[PDB]
Each structure stands twice: as structure tokens, then as C-alpha cells.
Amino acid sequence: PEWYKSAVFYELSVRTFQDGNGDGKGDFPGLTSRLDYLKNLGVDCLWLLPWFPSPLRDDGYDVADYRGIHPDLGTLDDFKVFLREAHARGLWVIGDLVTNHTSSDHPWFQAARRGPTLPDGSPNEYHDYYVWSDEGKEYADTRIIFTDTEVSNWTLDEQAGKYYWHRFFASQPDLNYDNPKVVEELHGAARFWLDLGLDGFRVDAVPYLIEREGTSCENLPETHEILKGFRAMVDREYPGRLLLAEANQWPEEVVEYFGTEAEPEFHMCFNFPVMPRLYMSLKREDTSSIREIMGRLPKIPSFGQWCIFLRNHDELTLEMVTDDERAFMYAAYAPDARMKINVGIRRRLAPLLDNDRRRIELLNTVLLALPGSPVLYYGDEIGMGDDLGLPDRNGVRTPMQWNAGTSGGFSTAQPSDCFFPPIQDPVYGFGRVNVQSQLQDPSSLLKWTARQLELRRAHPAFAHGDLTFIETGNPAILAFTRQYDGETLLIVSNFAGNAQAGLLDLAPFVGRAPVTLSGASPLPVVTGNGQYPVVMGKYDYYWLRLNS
């Protein structure tokens, strides 16, 4: 019933998607010119990365003005026409709300570092917007997220003569959520955009808002309380809008970000826990880690929906796996040391899978078949690669590859003048991987993706169904049912690189006939004790309905 539950999401970065004025930077007019492509793909909601004024030290997640549009992306008018046109096509759009911190170039912080009092005796009302310390000795049981860059979560400010807190880069000072004026400022920022018609927000780094002595400073009850506040505001003032949480934590802690029926928080949260186990299972040819980790996720509220994903603008995060699992992933998916960043792996989806289309298809089917609303990362529809020559996580944020012309069609500016260089290598470069090609190619990955979303869209049980794992007698083979409104789907997936045999426990479905979702080819009726023998080719996916 709520729109987000049946939507397909698409994550993109305006500066990196389409340049409309030849300066090497993506912009809103450019994005707007590509809306037909997104609609045709089968996308329903666009999630745009931060578009606000910013020195871009963390690519826009260091925000310097919550109520504007970064100059290189265009103007606020350009934004309003973009939104009009998106809505004209039946697309929703959500922004990225950066709550935990601002840029050090935010006027607030420039004001705040003047000290507790102005030179004229008056109180500096902005000073307590941020989190200050005399010695930087507090919150010591606290981990560092940007392990490769920051040595400490406290940094000394020259002119303020005190240490300030930051969970991310030193140029991203944390906001102080014990100060109620800060809560107002952000309720107000969100309002500004929701008043223009924005359909919601992806909310950034939600676990880290409140910090408390003698705790990890993650997932604190007071942090959750503030988030309940946001949801309460939106429910009252902007019914129907979406709030989606970036909360990368273990299952028990992630689910709490939905809140409860009585005290709601987020409508949606990313399913961070399943994501690594997908990759792990593929290398191990053993899907048990998927069932285990999915099994640890409690039921969610009635309004709740998972956002399922494979990759995104960040590294493949390994922060919320065991030390053994982390080491395995590095060994398997980060052979070069240059591939690691801050407890994670900074590679695009296709390279991670050795550009093996069968493996790419497989994981995409799992993405679309698990319970939640799926999100695609821009460029993965065509099999884009990465560029590890770029610092930080920018190697997975190269320009979208539209055609084989100048700079992949992203801009008329030459490749070395683009904000990030478009990829030109013989395997993943825009000469070989681009939209124009794949639109004309009857069997391209783009076309496959669209066809597969069409298929999903035609079976609501994917969006809304329950989930029940089936025993297969072979850990390489992952089987489950999705049931909803009388419909029973059976999804069988082979994570091995060669043919595999299984014995499915279909005892609950004796007497019923499985048929392929695609073309209704019938398989043998389920008989006897219901132990159903199968064979599967390498990386096969069987999308079935059980007819009664």
C-alpha cells in the first residue's frame, strides 16, 4: 500500500551523471535530460547524492548550506524544473539528508570556532552547535571509521583553542544533538525541501548522532529518540513522504531503526547485513551465511520495508562482519592492497565478479527476489567498472557511460577535464560499455535488467511477500518461498560455478505444480513426501510459481 514498498530505487550522483554545459561537471539540466532513460529502465524513485554547496572534501557529504544547490550542479530553479519533470513521469525523488555533521566551511562552524563568547561579550549562540572538549580525552571507547585517514575522533581547532568531535573527516565536525537548537535547524532544513515537493530523504549516518561517555557512541537510545522526532514531524506535517536510513550495523541493532508501531522511526532501512554475505557465499559456494544472517533479523513494523542493495557509492563495507569473515573477503575480493579502504573494498560490482555476466545476473536476481525494495547503483545496469587510480571511494563514482563518443557521452569536455575521469580501459571503458550500445543490443545487460524488473513488477509477492527458506541438501543452492495474497513464489539460486544437485523440502506443497514465472514451463508436480530433486547449471536462477 505505501508507495516505497513497491518502488525500485536508483542511486546516482548529479555531478557524475550527465553534464549539460560542457564544464566537465554533471548538473541538474543534464540529469533532467536523462529522465526518460531512467523511467524506461523501470526505476520509480531516484536517490540523489548530496547536491548542496560544499567544498567537496567528502564529495558533498561535507555540507556548507542545507538550503541551496551547489553551483556546479546549477541553480535552485534548475532543481525545481528537474523535480517537476520527474513527477511528470511518475517518478519519486529523495535527497540525502546529512544530519550528523556539516562542513567546517558551514557558516555555523565558522561562527562556532570563535569561542563561547563573541569579542563584544555576547554569547555565541553557534558555539554549542558543535561538540567541544578542552583536552580531547572523552569518548575513548570509540572506533574510528575513516581508519586510513583519521588517527582520532578529536581534532584541535587553532582559533577556538579546543578540540572538536568528528566521526568522519576532520573537515566534517559533528553537530551537537544535546542542543535543541540544532534539532530545530535540521527539522527546518528537511522542511525547506519537503515544501518544494521532495518525496523524502535518505538519512545519512544515523547511528552516530548522540555520543555518551562509556559507550561505543553508536545506536544510543537518545540517538533513536531524536530520529523518532524526525518521523513524528514528517508524519504530522508531510504525510506519505519517505525516510530511509543509512544504518550499517548488526541485525539486532539495525532493526531498531524502524522503531515500533507505537513509536515509529524510519520507514525504510538498508539491509546492510545481507549484502556482504551474498559475496562471501558466492566465493565459498556455500549460502549458509545468507540464511544465518537473514535469520537474525527480527520482524519489522507494518509500515517497514527493507532497502536491498548490492553496491553503492561507498566501499563494500566489511565493518559489520566477523574478523574471520573480513579476512576471507579481503583475500577473495581484494587481491591488490590498493583495493582496500577503511575496513572495506572499493570496487564496482562487475569487477568484483570478474565481469562474469552469469554471476552479475545471479546476484541481481537475488537483489530483486529478497524481501524489500531494491536499489540499483547508477551504471551497474550496463556493467560499469572502477578506477583505483582515484583516491578514497571516488573510483566507483566515475562518470556514467552513455555512448562511445567524447568522454562516454557524459560531457563534451575531454576526459582529463571531467570532474572524475570517465573510464577508458579496454574491458570496462565507454568504447565497450555504454547505454547506446546496450539499447541497440537485443541481449545486453541493460535490456536484461529492464526485462527482469518488468518480471518482478508483474509479481507483487516480491515486494510484499513473506520469506521462508527451504532446505536443499546442498549449501551451494539457496531456495526460498515468497508468499503473498494467495501467490506462492519459489526462488532457487545456484551460487556455484558448476552444475549442482539438490533435494528441496517441499513437504508443505505436495500436490502442487511449479511453473516458470517466465513463459510458464511446467515442472513435475510435487509428489510423495515432497522431497523434490533438482539440478542447476552454474549460477542459474529459477524463478517459479507454485500453482494450486
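From 1 onward, residues are counted along the sequence shown.
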For 327 to 335 versus 138 to 146, entry-based mean Cα B-factors point to 138 to 146
The stretch carrying the higher mean Cα B factor in the deposited entry, 521 to 529 or 12 to 20, is 521 to 529
For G405, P422, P442, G121, the deposited C-alpha B-factor is largest at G121
Among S411, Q401, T449, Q110, highest Cα B-factor in the entry goes to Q110
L76: CA B-factor among chain residues, third -> highest
Of the three thirds of Cα B-factor ranks in this chain, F230 occupies the highest
Sorting the chain's modelled residues by C-alpha B-factor and splitting them into thirds places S373 in the lowest
Split the chain's modelled residues into thirds by Cα B-factor; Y66 lands in the middle
Binned into thirds over the chain's modelled residues, the C-alpha B-factor of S33 lands in the lowest
